[PDB]
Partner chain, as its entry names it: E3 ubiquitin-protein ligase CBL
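For reference, the chain that follows is the form deposited without the partner chain, supplied as C-alpha cells.
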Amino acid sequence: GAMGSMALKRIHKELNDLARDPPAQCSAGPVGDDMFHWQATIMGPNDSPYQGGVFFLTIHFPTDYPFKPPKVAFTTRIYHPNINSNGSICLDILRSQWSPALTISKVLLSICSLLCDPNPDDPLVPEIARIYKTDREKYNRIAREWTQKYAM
C-alpha cells in the first residue's frame, strides 16, 4: 500500500528532480524496469587529476529507502585513497551519516567533492593515502595516468 510503496515513490521523485534539473556533468537513472537498481556517470572534475575521464557507478537502493543509504560502487577503475579495487567508496553519508533528507543528487555531489578533496585519514587504499599525504604532486601524476589508462 502507500506505506509499502514509499521507497518506490521516493525514487521516482528523485529521478524526476534529477532529470528536470540535470546535475552538472553527472547522470543517473534506472538500468531497466527495476527502479531500485541504477547506473550513474560522473565526469572527472575540471582541473582535477581525473579531468577528461568518465566514471561509471552502480547504485542499489534498499527496500526501506530513504531510511537507509543506497549502496554505491564505481565500476570504472580510479586512483583515489577512498575508493578500492572493488569500487567501494569510503564516504560518511553512505554509512553513518546517511539521513532520509539525502538524495541521489546529493550523493553524486558528495562523490564529486570527494574526488576533488580526498580524505587520506580514512583510506580504503593505504598506499594511495600515503602518497596523497606525502607527495601530492606525485599523487596527481599517478591519478592522471590511471585516468588516461582506464577512464578514457
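Residue numbers count along the first chain shown, from 1.
Taking only CA atoms, the mean B-factor in the PDB entry is higher for 121 to 129 than for the other of 33 to 41 and 121 to 129. Mean CA temperature factor is higher for 15 to 23 when stretches 130 to 138 and 15 to 23 are set side by side in the entry. When the modelled residues of the chain are ordered by C-alpha B-factor, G52 sits in the highest third. Among the modelled residues of its chain, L8 has a C-alpha B-factor that falls in the lowest third according to the deposited record. Among all modelled residues in this chain, the alpha-carbon of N86 has a temperature factor (C-alpha) in the highest third. The deposited CA B-factor of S113 belongs to the middle third of values across its chain.
The form solved in complex with the partner chain is left out here; the points below concern that form.
Taking non-hydrogen atoms only, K133 never approaches the partner chain to within 4.5 angstroms in the bound PDB entry. Residue contact with the partner chain in the bound PDB entry: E137 places no heavy atom within 4.5 Å of it.
Counting a residue when any of its non-hydrogen atoms is within 4.5 Å of the partner chain in the bound PDB entry, the hits in 52 to 78 run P66, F67, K68.
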